[PDB]
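Structure record follows, encoded as structure tokens.
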């Protein structure tokens, strides 16, 4: 067993990347710089968690009744309550898509984060020492590319909804006149307001990414730099606090999505 | 060599100043939210909604700083 | 414009709709413009300035009292004589001394 | 750490899960809740009509 | 390094963490039962009494 | 060489000061917003519009700073 | 060589401190604008005029500092 | 190998600015909590709930800074 | 070459600190004029006269600093 | 010579910023405690039990800073 | 050569800190003057007098600083 | 020789930062003490006891900072 | 020899910081003086005496700093 | 060079940070002295004796720094 503590830590920081052109696995010992290598672990957990959310909720929704209320049915109606309560006041237009957009983002992001509570060495053990895989980590949201995918989708939606609900004719006026409104300032005005527009999705993505990266880092540091008796004593309060972090961060991501779009369209 | 010594320091300055900015900003904003919660009870959910709206705007520039500090630390150095 | 009533326990001094007024509040002079925010304070003895709607400016002396404000309606509850703990104590002692007699 | 083509697959997953909730999870659950609340409305209204 | 100590530490941590969850984070599901009984069950019962 | 070691430092200092400036500015501005929403529930939708009208000018210069920081870091490099 | 990156540093200092100045000054100014707007609701169009009058003075120096940061950065 | 000695300095600046940010942020937040408790002492278990919620937002960035600085000081150096 | 590359820093310090000084000084000073204008609008012109007299005193020294910063940068080079 | 020198310098910056953090944070928090004591004095035994709760949070982060300061001086030397 | 060059930096710091001192100090003092004018407009010629009495003490030290900054920049240079 | 000659600077940073922290913390805390003593003057010997209770917690970190500074000057250097 | 340039820098730091302290402390104190003189304008001769009693203490340490800055520049350098 | 000039710089940092601390702490404390003296103009002897009780503690920890800065300048350097 070749694991020195600092070298041991490195293997957590390394992902399970594929190669698009040969379908080969990129090994941790030598990670060349290349964008065309999908992180199998991140995508696998992302899609699996989305599928489990869909399976459970669609299974009971497909069977739902208005009779005697059930145990799991109550949980469904309660999270529908929190989501619909947010949507019900922050949004005012007709659009159908806003509500399921918020719902799926909330639950799916929370599920990505929820994996972080799972013990750090265990499932990578079943990755390496069972199925023969060179590396693993189990929190997709701690990887950049899922968060930027969602955030830049929200960017597409900002453009799309804003142009749909006020047109280019007024969109140009807003993006050029503000904030000083006087015609000599227009060229300088657009420079400021454009990066203002792009800062919204970028901040969404980086905000979520930073929090989850740091959480898994706490587990990595606990496992790598500390002895058993201190591992448990420091890990317990950490996990308890991380519960609050992941709950509020998921809710924040959803709320801010709704709010950005509302600011553009309404 | 000479690279990592300064690249860690760059990241450190970045995320330290970001920590100041975010912590103090949400400190002032949250203190006003809590005097509002003490003053008029049972408007806690509505003021909580406004608090999250404003909080998202406070965290914007600091989270850009945080993300780029993480980039500098674990990508460039 | 807003509906103002200046009243006292014995008689109603003034009323009607008004554009603005200036009143000597407990902390300082204050101007109540149309549709003003809610307010409650004690007011000092002296002249207060009324400008009734259609601009008819006027002075009313008040011996003190309480001022209150809310969006549609505003009122002043005026005292008739200068109220002070010393003067009230003089009146109270006059009552006691009469009671012994 | 490293930018990656993983960003595209996540977009595919995003639109898929949105579509599966849009046409098959939100509409059924909206009707169930509204049916439960319609019982409330109908009941209290019935009592009040008798009262008149 | 001996990695067994890390597994033991993580097992102990997970055990104590789950105790905290059971004793302090499980009871909030009782508030869900209250949301069942008072809004749905008693509301529909009141509606049925109103029909009668 | 030395150029990149100082340029990451330069971008760092510029975005760090930008972060503090923007975050504390909106922190104060939002604090007055929440207190103004506290006492009277009537005009939340009104103050929350003046809030964006002003918050635009708060973020005027800090996004010049952020734009030039990103410019240095990814294009002057 | 050593010349250019020190010029970039100097521009960073000038324009970052301009960011602090122009941000905090209008934080302090606009907060009093909002509470005044929240007290006398008819007067927002009047007080907003006063706000731009003084906003012109607050930004006065930070725009010299930003022009000099841009000048050191690009022109010199 | 001079590389080590700057990394302790770089860790020092992160944890120093993180300590300032978090300490004063929770100072301002908790002070408004205590005045809220001074007015409405039958609400303290409710106001404490709201306080925990706001604190969970205040502490994020400084905790990231401290985590990274501890990492620099021990894993990298 | 070696001589001039530090005079730009001598300029930078003067105008950064003078910018902060002037900006926040006038920020405080103007905030009080707006506060006073909230109670008696008919005193808004009267208070407006006080503002400019005092503002002349507030930004006297910062303009000595801004002037010698421009002197250094464009006359000593 | 100058390796062991700069370790002491690093501990100086660490513990100095920690000192400001702890001192100021408890200054604000304890000031609000005293105002709560002044307003309803027979209530002090309750507010003091809330003060020792929040006060623990405030110094928690400045005390791991201090712990690493003494580590750097005495242990690393 | 540094005996010419550093003296502009040495004057920069003097006339930056003098500017922050004078500007913030007169900002606070003048703001209190403005609110006092708002409550008692009859007393403006009195408070103006005491304002100019008090304001000559705030400037006592910053003008030592600015005079020596001018001296160092031009006399010793 | 530079090794101990910089240690005097290390102690300067450490105990100067401790001085500003302790002085401002005790300043805020004592300000609430004196306003308490003006609202309830028959109460001063109680609140002064509480002031001495919490002033021991404010100084606990600055005093060890000052002690380590004096140690660095007299023992080490 | 080059040493004489650092003495101007040392006096610059010392005297500029004393200017910050002596300006802002009297700014705060005199602002409260004016706020008290607006309230009770027949007590200007009494408050104006207390103001010099306490103002004597505010600027004592700054006066030591300014005297030593002058000593360093003119006597030593 | 390196022996004497850094000792004057260390004294500058000690006796400049002591100026900041000992001036602003007494500004904050004396402002509350002058507010109480406006609310209770019969209490001024009692509040000024409380003010000296508190002021001794505010100044005590900066005076270590001032005396020790004089030590560093004259006894060491």
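Some points to look at:
To keep things simple, chains are lettered A, B, C, D, E, F, G, H, I, J, K, L, M and N as they appear, and every chain counts its residues starting from 1.
Please note the rule applied: a residue touches a chain if its C-beta (ideal position, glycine included) is under 8 Å from a C-beta of that chain, and two chains touch if they have at least 3 such contacts.
Protein identities per chain, from UniProt: A = ATP synthase subunit a; C = ATP synthase epsilon chain.
The chain pair B-H and the chain pair C-I differ in C-beta contact count, and the higher one is B-H. Taking the mean of each chain's C-alpha atoms, the chain closest to the overall C-alpha centroid is B. Centroids of chain C (ATP synthase epsilon chain) and chain K (each the mean of its C-alpha atoms) stand 46 Å apart. Taking each chain's centre as the average of its CA atoms, chain A (ATP synthase subunit a) and chain C (ATP synthase epsilon chain) sit 62 Å apart. Computed from the mean C-alpha positions, the centre of chain C (ATP synthase epsilon chain) lies at a distance of 58 Å from the centre of chain D.
Per-chain Cα centroids separate chain E from chain G by 51 Å. Of all residues in chain L, those that touch two or more other chains are 1-2, 6, 9, 11, 13, 16-18, 20-22, 24, 26-28, 31-33, 35, 51, 62. Those residues of chain E in touch with two or more other chains are numbered 40.
The multi-chain contact residues of chain A (ATP synthase subunit a), meaning those touching 2 or more other chains, are 13, 199, 210, 224.
Taken together, the chain B residues at the contact with chain A (ATP synthase subunit a) in this complex read 49, 52-53, 55-56, 59-61, 63-64, 66-67, 70, 74. Interface of chain I with chain K (complex): residues 2-3, 6-7, 9-14, 16-18, 20-22, 24-29, 31-33, 35-36, 39-40, 43, 46-47, 50-51, 54, 57-62, 64-65, 68-69, 72, 76.
Put simply, chain M touches chain K in their complex at residues 2, 4-5, 8-9, 12-13, 15-24, 26-28, 30-35, 37-38, 41, 44, 48, 51, 55, 59, 62, 66, 73.
By the touch criterion given at the top, residues 38-40 of chain K touch chain C (ATP synthase epsilon chain) in their complex.
Across the complex, chain F is touched by residues 178-179, 191-192, 195-196, 199, 263 of chain A (ATP synthase subunit a).
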